[PDB]
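# An overview of the molecular structure
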Protein chains: 2
Amino acid sequence: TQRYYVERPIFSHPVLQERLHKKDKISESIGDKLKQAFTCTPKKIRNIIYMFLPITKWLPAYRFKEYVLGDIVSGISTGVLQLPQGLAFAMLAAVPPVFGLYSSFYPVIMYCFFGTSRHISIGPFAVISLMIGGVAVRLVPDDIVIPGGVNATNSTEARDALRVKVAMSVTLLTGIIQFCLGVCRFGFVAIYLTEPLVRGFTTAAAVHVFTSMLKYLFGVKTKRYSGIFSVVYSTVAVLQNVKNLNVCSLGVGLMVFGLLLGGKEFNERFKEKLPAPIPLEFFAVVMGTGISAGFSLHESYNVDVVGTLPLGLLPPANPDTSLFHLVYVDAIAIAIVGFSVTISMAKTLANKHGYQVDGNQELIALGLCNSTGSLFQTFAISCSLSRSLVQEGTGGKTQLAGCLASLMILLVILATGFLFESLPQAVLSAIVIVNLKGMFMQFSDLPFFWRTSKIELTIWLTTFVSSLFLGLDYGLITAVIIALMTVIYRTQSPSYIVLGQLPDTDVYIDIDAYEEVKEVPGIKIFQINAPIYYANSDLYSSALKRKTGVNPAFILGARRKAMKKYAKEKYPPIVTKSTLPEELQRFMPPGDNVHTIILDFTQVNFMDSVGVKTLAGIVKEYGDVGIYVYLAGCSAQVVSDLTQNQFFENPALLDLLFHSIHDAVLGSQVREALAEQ
Amino acid sequence: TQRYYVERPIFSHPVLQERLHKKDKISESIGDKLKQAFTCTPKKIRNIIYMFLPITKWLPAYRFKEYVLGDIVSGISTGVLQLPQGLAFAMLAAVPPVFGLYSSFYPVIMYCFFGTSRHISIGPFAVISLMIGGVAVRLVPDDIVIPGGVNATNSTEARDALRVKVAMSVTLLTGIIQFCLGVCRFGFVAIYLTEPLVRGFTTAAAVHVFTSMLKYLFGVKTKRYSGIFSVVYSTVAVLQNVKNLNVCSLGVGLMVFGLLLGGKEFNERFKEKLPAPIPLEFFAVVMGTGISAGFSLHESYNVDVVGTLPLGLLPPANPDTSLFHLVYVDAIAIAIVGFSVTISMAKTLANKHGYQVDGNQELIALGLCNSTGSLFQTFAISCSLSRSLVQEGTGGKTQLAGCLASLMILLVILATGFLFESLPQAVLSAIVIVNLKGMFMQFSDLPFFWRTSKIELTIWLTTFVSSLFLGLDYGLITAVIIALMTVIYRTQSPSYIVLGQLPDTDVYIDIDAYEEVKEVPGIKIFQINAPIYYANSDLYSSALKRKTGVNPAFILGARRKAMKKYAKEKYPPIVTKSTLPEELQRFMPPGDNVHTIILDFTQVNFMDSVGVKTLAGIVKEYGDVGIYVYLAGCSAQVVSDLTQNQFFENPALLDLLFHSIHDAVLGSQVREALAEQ
Ligand SMILES: O=C(O)c1ccccc1O
Ligand SMILES: O=C(O)c1ccccc1O
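Residues numbered from 1 in each chain as written, not as in the entry; some residues may be left out. Chains lettered and ligands numbered in written order. Heavy atoms only, no water. Residues with missing side-chain atoms left out of burial classes, pairs and counts.

As stated in the entry header, the method of structure determination is cryo-EM and the reported resolution is 3.7 Å.

Under the PDB entry, the name given to chain A is Prestin, and the organism recorded is Tursiops truncatus. Here the entry title, as the record gives it, is "Cryo-EM Structure of dolphin Prestin: Inhibited II (Sulfate +Salicylate) state". What UniProt records for chain A under Catalytic activity is the sentence "2 hydrogencarbonate(in) + chloride(out) = 2 hydrogencarbonate(out) + chloride(in)". Note on chain A: under the UniProt heading Subcellular location, the record states "Cell membrane". (UniProt positions renumbered as here; feature names shortened; annotations may be inferred.)

Right, here's the structure in full:
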C-alpha cells in the first residue's frame, strides 16, 4: 500500500518487444582487437614487468618500521621449522639428507624473487617428496647392485647417487611442465579446487605422511610400498613388524613428544619478559640430541641416526635429460599436485589479508624454482601447509621472512652442521607429527558440512577416500571430476514446486507450504529452479505431468474410454490449442477444469536442442488436449535458445511467452474473459 | 494501463516473512514408506508382471485388421536385410558365417518376448560384432597353431572353434553385466546421451565399419589392427596393399552398387501394380550370385566366397566360464556401447510414435537375449540402426515384424541355405555400405549446429573425433564426460549484464542494448544468469567490480591518495554499511555517486559455501566503502543456502534481501529519502 505502484499494460513477448528497439551494439575493432594492443607505452610495459616478476613491487613500497621486526621473528621461526622438516622429507624421499637443505635453500630464495604471495614458506613439501621417493625407489630398487671396481663392502653410495640423479631428472621435468602451463595461462584451473576438496585431499595426504613417518620412528625397516592401496600396504607392513623394534627409538620419540607437552606447560612455566613466540621445535631437537647423547642410548642400543651431512655448497650440474620417457607420467602428477596445493594455500591466505595472488604467475614462479633447483641438485618443491601457517601466524608480512629462513638454512649447510650429525629420526618423527596436529584437527569439517549441506560433505568424503585408498594424483583427478559431477547432480534433482498466488498481490510462492497462497482457480503454475537441457529434460516433463495432476496421456485415455462407453446404443495453418472434442457429458471422471499451464522460466538459465524439443512436445501435447501453455519469465538467453532452434516457427507461438508469472496469469484470465462471448 | 495493477507494500525478506506462516509439511510414513508398499493387490502385481515382461501387453490388445499387413511387409523386408547383414557382421567378427544366422535367430525372438519397443530390429550390430572380433583375434592370434593329432593340412577349424568359444564367453559376460545393471535400475544413465553425442558417435562407428568392410571387398587380406588409432592403421594397411587386389571382386562389387543404382532407376522402370516396398537387397544379392556364377568370375579368377554354411540347428552348450578374468574389460565395453546405442534408437523412435520405452527394462531384455544367445552359440547383440530404420519406415507397428524376420532367418538356417554358398563378400560389402548411406548423410548436423549453437557442435565434433581416432568404448566415455564438462562451461561464461529500468514500469532489461532503458540514478544493478558456486565464484566478483564500474579497491586507493595529497600543510554490534570517512572535498576524482548495488538473484538457482563466502566478501567490501548491497529476487533455495551457512548472523543482513528488482530499487530510494532528514 505504501509503495510499489506500477499499473502497466500486460507485457506479452510481442508487446514488450515493440515497446523496445535494439541499440547499434557495434563493437570496436571486431575480430582484431590486437591493433589497440601491442603498444609500447611505459605503463603497459611496467605492468608486464610487474606481473611476470613481482620482486619490483615490494622493495620500492616496503615499510620498515613495523614490517622488519615481524619479518625477523617469522623468518627465525620458519627456518627453525624448515631444518628438521627438510631433513625428514629428504629421508622420506630415499635421498641423502643434505638434499633437504638444498631444497630448503635454493627454491626459497628464487620464489622470493619470483613468487606472488606474502605468506608462503616454499620448501620440501611432504607429499611431493613422497612422490619423488616413490619414483626414485621404483626406478632404482634396493636389490639392483651395480658392480664397480671397488668391491670393498656393500656400499650404498652408488644406489643413492642413482636415486639423486633420477630425482633431479623428474624434478626438472616437473619444473618444465609447470613453467609451460604457467605461460600457457593454465592457472585458471586452480579454481576447480573447492574448499572441502582441498581440505579432504590435504587431510588424506596427512594420513599418508603419518603412516610413513610412523614406519620411521619405530626403528623398523620395511619395503616402501607404492601405488594403489599404498597406505594400507605400508601400515600392514609396519604392523607385521611391530615386533623386533628399537625400544630406545620409541623412548626418545615419546620423550620428544614429552618435551612438546612440557613445552605447552613451559608456556606457563618459564616466561617473564624475554621469550618471543619461541620456535619450540629448535629447543625440542637440541634437547633431543643432547639428552640422547648424555643418556647414551645410541652407543648402548644402536638407534638409527640421520647420517653424515657433507658440508659445502655443491656446484651446479646439468641433469640427465634422458629419463624423461619413463618419468613423465608422475612428473605430470607431481607438477599438478604441487601447484594445486600451493595455489590453494595462497588463495586461502589471500582472503585473510585482503590482497590477491595470481595463479598462473604462481605456476610460473614455482616451475622456475623447481627447474633451477634441479640444476642445483634439489628435489621437487611446493608450499608446505604447516610451515606456511606458522609463518603467517608468527607475523611476517613479506616474503623476506622466507629469504631469512633460506639464509639460516644456508648458514646451517655451510658453516655449522656438525652438531646435527648425531640426530635420531625419532625427533624428526615427532616434529612432523606435531606439524600434522592441526591438519588432523581439520576433520571438524565433517559434522559442520553434515549440518550445512550434504553435497559439500559428499565432495569432502569422496576426496578423502579417493586420495587415501587410491594414490594422490589419481585421488586428485577423481576428486575434481566428482566435484563437477556433484554440480551436474544439483541440476538433475531440482525443486519442482507448484506456485500459488499471494492474495491481492503479484507474489507467487509454493502452494503447499504456506497455507495463505491459495492458488488462482483454473490455472496450474509449475516452476523449476534449474536449466532445461539434455540431462534434465525428461525428468522435467515427467515431473510437470505428475506434480500438477494434469496428465495429457491420462486425459486422452479417459476421453476415449468415455466416448467408447457412451456409444452403448498460413504455411503452418495449425492452431496451437485444439478445442474440446466433447459433447459435454458427465460419464468422464470429474476432476479439475485446469485450462492453462504456466511454466516458470525465471529460474531457467539456459536451454539447448533437447530442451527446446521437450518444450515443443509439452506444448503440443497440452494443446492437443485443449490446455494452453504459457512460458512465464522470458529472458534474453531463454528466448535466444528458443529462436535459434526452430521453436518459434510462429503459428502463434511467439504469443505464448510472458515476462512475469503475474503477467501470464492476467493474460490467461483476460483471454478467458474474452472467450466468454 | 489496461491491466497489471498491484499496489502492494515493499516486500523485503522480513516484511514478506511475517505476512506468511509455514504449513505443517508433515510427511506420511517418514523414513519407512515401504509399509504402504509390499502389498499383494492384484493391480500392483499385474503392473509388476507387465513391466518385467511386456509380452502380455501386446497379444491381448492387438488390432488385427491393419497391424497384420504392415507387420508382414515390415517383417519380410527386415529379414531380407537381416540375412546378408548378419553374414557380413559374422565374418567381420572373425567367426564362421553361420553364427550370424544364429545371432539373427535367437536374440530376436527372445527380445520379441522381453523387449519394450515396437520399432527395433534386434540383431548382430556392426560395432558390437567388431568388438567381438577384436577380442577373439587378440586372444587367439592367427600365428598360434595348436597341434592336434591330424596334421593333415593347415586346418583353420581349430582356430575358428577357439574363436567361437571366446566369443561365446565374452558375450555371456556382456549379458550378465547388462542383466545386473538392468535389475539395478541403471537404465537412468541412458539420459546422458545427447542427440549430437549419439549422432557423432554412431557416425564415427559408420566410418569404422566403412573402412573395415572396405578392406573386405578389395579381396586383399591384411592384419586386423585394433586399439587406439585402429581405423588409421587399418586404412593405411589397406592402402599399402591396394596393389595385388582381386579385379573381379571389384567388378562384382561395383556391379552390385550398379544394381542398387539401377534399382533406383528400377523404381521408375518396372512398377505397375504388384511391387510392394520391395526389399531391393534380396534381388541385389540373388542377382549378384547368379550373375557371378553365369559370368564365371570365381572359377576363372578366384573370388573370395562366404564359405560352407553347416545346415542344422546346433544344440545348446554351456560356455567356458573361465575366460572372464581376461575378457571382462571389453565385455563391460560391449555391454555399455550396445545398451547406449539401442536405447538411443528406441528413444528416438518413441517420439515419432507417441509411446514410451523403459530404459532399464530394455537393459534387462537385451542382457537376457545376450546371455541365452551365449548359451546357443551366438555372439553379442544390440539394435542395429539401418535395419531398425528400415523396419520402422516399412510400416511395422509391433515386434511381430522382428518375430517374422526371425522365422525367415530360421527358414534360411534350417531348410534352405545351399543357394547362399557361392556368394562373394563384395555383395555383402555393397549391402553394408548402402546401409551406411543415410548414416553418412548424417553429417548434415554440422552446419545446422554451427548456426544453432556451437556448444552442441562442440559435443558433436568431440564425440566424432574421440570415437574415430581413439576406440569406441573410450570414445563413448570421453564424449559423455566432455558433454558434462560443456554443461559445466556454460555456467562459467554466463551473461553478465547490467540492468536498466524501463520508464514508468517495473520491467528491468539490459541497459546498453535497447536505448530506452535509461538506468535509475544512483543505483547499479548487476545480474548473472548462472548459479554462484565454487567454479563460478571469483569470476562473478571480478565481473561485478569490473562491469558496473564500481571497484572498492580502487575507491579506497583513491581515497587514501586524496587524503595524503590533502595534507600538504549486540554481539555483532557492527553496522553493515560504514559512513563516508571524508571531509567532502573535490581533490578525489569525480566519478559517479552510486550508493547501492542491487545484485540479481532471480536467475541464481543455487549456492554453496564458496558462493556464500564470496557474497559475504562482496557485501563487506562495499559496506566498508560506504555502498549498500541488496540481493534482489530471493528464492527458497537461495535463502536456504544462505541460512545454512553462517551468512545470516543478522547484524542487519536479513534486511538486505528483496523479492524483486523493483522492490530493491524502491527500497533503496525510500531509504535514501529517509536519510535526507
Ligand atoms: O607439511 C606437512 O607435513 C604436511 C603434509 C601433508 C599435508 C599437510 C601438511 O602440512
Ligand atoms: O548397421 C550398420 O552397419 C551400422 C554401423 C554403425 C553405425 C550405424 C549403422 O547403421
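## Looking at the overall build of chain A
Along its length, chain A carries 25 helices and seven strands. For 677 residues, the compact-globule estimate of 2.2 N^0.38 gives 26 Å, and the C-alpha radius of gyration of chain A, at 35 Å, exceeds that figure by more than 25%. With the principal axes as the frame, chain A shows a C-alpha extent of 115 × 65 × 60 Å. (Helix = DSSP H or I, 4+ residues; strand = E, 2+ residues; numbered from the N terminus. Rg over C-alpha atoms; globule rule 2.2 N^0.38 Å.)

## Examining the site of ligand 1
Residues and elements named next belong to chain A. Near ligand 1 you find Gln-85, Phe-89, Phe-125, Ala-126, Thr-202, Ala-205, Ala-206, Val-209, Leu-385, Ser-386, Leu-436 and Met-439, and these make up its full shell. Residue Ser-386 places a side-chain N or O atom 3.1 Å away from an oxygen atom belonging to ligand 1. Burial of ligand 1 by the protein chains amounts to 100% of its free accessible area of 270 Å². Going through the elements one at a time, helix 4 (67-91), helix 8 (195-217), helix 15 (385-394) and helix 17 (425-441) are the ones with two or more residues in the shell around ligand 1. Residue composition of the shell around ligand 1, by class: nine nonpolar, three polar and no charged. (Near = heavy atom within 4 Å. Polar contact = N/O pair within 3.5 Å; in protein donor to acceptor, adjacent residues only side chain to side chain. Areas by Shrake-Rupley, 256 points an atom, 1.4 Å probe, with all protein chains shown as cover. Nonpolar A, V, L, I, M, F, W, Y, C, P; charged D, E, K, R; others polar.)

## Side note on the site of ligand 2
Residue and element names in this part refer to chain B. Surveying the vicinity of ligand 2 reveals the residues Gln-85, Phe-89, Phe-125, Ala-126, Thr-202, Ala-205, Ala-206, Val-209, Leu-385, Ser-386, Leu-436 and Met-439. The side chain of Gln-85 places a nitrogen or oxygen atom 3.2 Å from an oxygen atom of ligand 2. The side chain of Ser-386 places a nitrogen or oxygen atom 3.2 Å from an oxygen atom of ligand 2. Here ligand 2 has 280 Å² of accessible area as a free molecule, and 100% of this is covered by the chains.

## Section: the domain arrangement of chain A
The domains assigned to chain A are domain 1 (64-142 + 158-272 + 313-488) and domain 2 (497-675). For domain 1 of chain A versus domain 2 of chain A, the separation of C-alpha centres amounts to 58 Å. (Domains from an automatic or database assignment.)

## What to know about the environment of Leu326(A)
All names here are of chain A. If you trace the backbone, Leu-326 turns up in the loop between helix 12 (298-301) and helix 13 (328-352). The class of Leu-326 is partly exposed, set by a relative accessible area of 36%. Between the C-alpha atoms of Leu-326 and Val-170, which are 156 residues apart in sequence, the distance is 9.4 Å. Not counting residues up to four positions away in its chain, the partners in contact with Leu-326 are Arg-138 and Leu-139. (Buried < 20%, exposed > 50% of the residue type's maximum accessible area, 1.4 Å probe, protein only. Contact = heavy atoms within 4.5 Å.)

## Points about the interface of chain A and chain B
Counting from both sides, the interface comprises 74 residues of chain A and, opposite them, 75 residues of chain B. The contact between chain A and chain B buries some 7,300 Å² in all, and 58% of this surface belongs to carbon and sulfur atoms. The partner of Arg8(A) in a salt bridge is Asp506(B), and the shortest N-O contact between them spans 3.7 Å. Connecting chain A to chain B are 24 residue pairs in polar contact. Elements represented by at least two residues in the side of chain A that touches chain B include exactly helix 18 (445-452), helix 20 (473-489), helix 21 (538-547), helix 23 (609-625), helix 24 (636-644) and helix 25 (661-675) of chain A. (Buried area = accessible area lost by both parts, 1.4 Å probe. Salt bridge = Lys/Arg side-chain N within 4 Å of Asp/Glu carboxyl O.)

## Brief notes about the relation of the copies chain A and chain B
You can overlay chain A on chain B at an RMSD of 0.0 Å; the transform is a turn of 180° with a shift of 0.0 Å along its axis. Such a turn and shift between the copies fits a two-fold axis. When each C-alpha of chain A is compared by its distance to the rotation axis, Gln603(A) comes out closest, at 2.4 Å. The residues that chain A uses at the interface reappear at the interface of chain B in 100% of cases, marking a shared surface. (Least-squares fit on C-alpha atoms.)

## Concerning the sheet that holds strand 4 (residues 508-510) of chain B
Residues and elements named next belong to chain B. Taking strand neighbours across the sheet as the criterion, the five strands line up as 4-3-5-6-7 in an open arrangement whose pairing is mixed. Of all strands in the sheet, those bounded by a partner on one side alone are strand 4 and strand 7 (628-632). Sheet twist, expressed as the mean angle between neighbouring strand axes with direction ignored, is 35°. Across five bridges, strand 5 (residues 523-527) lies against strand 6 (residues 596-600) in parallel orientation. The residue of strand 6 that forms the bridge with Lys-524 is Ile-597. (Pairing = 2+ DSSP bridges. Axes fitted to C-alpha atoms, helices over the stretch in contact; angles between N-to-C directions.)

## What to know about helix 13 of chain A
Taking 1.5 Å as the rise per residue, helix 13 of chain A with 25 residues should run 36 Å; its terminal C-alpha atoms sit 37 Å apart, in good agreement. Directly beyond the C-terminal end of helix 13 of chain A, a positive phi value near 85° is found at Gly354(A). (Expected span 1.5 Å × (residues − 1).)

## Points about helix 14 (residues 359-375) of chain A
All names here are of chain A. An ideal rise of 1.5 Å per residue puts 24 Å on 17 residues; helix 14 measures up with 25 Å between its terminal C-alpha atoms. Extensive coverage of helix 14 is indicated by the burial of 14 of its 17 residues. Of the residues trailing helix 14, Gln-377 is marked for its positive phi of about 55°.

## Digging into the UniProt feature "short sequence motif: Involved in motor function" in chain A
According to UniProt, the "short sequence motif: Involved in motor function" feature falls on residues 146-156 of chain A. The annotated region residues 146-156 of chain A carries 0% helix and 0% strand content, and the separation between its end C-alpha atoms amounts to 10 Å.

## Quick look at a nonpolar patch on the surface
All names here are of chain A. A surface patch of nonpolar side chains, amounting to about 700 Å² of accessible area, comprises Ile-228, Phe-229, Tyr-233, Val-236, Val-465, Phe-469, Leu-470 and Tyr-474. Tracing the chain through its elements places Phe-229 in the loop between helix 8 and helix 9 (230-240). For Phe-229, a relative accessible area of 40% puts it in the partly exposed group. (Patch = residues over 30% accessible without salt bridge, like charges linked within 9 Å, V, L, I, M, F, W, Y side chains within 5 Å.)

## Here's the deal with the pattern of salt bridges
Considering all chains together, one arrives at 24 salt bridges over all chains under this definition. Where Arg159(B) meets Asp142(B), a salt bridge forms, and the shortest distance between an N and an O atom there is 3.5 Å. Of the two residues, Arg159(B) is situated in helix 7 (residues 157-183) and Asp142(B) in the loop between helix 6 (126-139) and helix 7; the sequence distance between them amounts to 17 residues. A salt bridge links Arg159(B) to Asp160(B); the nearest nitrogen and oxygen atoms lie 3.9 Å apart. When salt bridges with common partners are traced through the structure, they connect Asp142(A), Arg159(A), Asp160(A) and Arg163(A) into a single cluster.

## Examining the sheet that holds strand 7 (residues 628-632) of chain A
All names here are of chain A. The mixed open sheet is built from five strands, whose spatial order is 4-3-5-6-7. At either end of the open sheet lies a strand with only one pairing partner, and these are strand 4 (508-510) and strand 7. The average undirected angle you get between the axes of adjacent strands in this sheet is 35°. Direction of pairing for strand 6 (residues 596-600) relative to strand 7: parallel, over a ladder of five bridges. For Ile-598, the partnering residue across the bridge sits in strand 7 and is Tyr-630.

## A word on the environment of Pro14(B)
All names here are of chain B. If you trace the backbone, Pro-14 turns up in helix 1 (residues 13-18). The exposure class of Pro-14 is partly exposed, given its relative accessible area of 28%. Ignoring sequence-local partners within four residues, the contact set of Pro-14 consists of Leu-654 and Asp-655.

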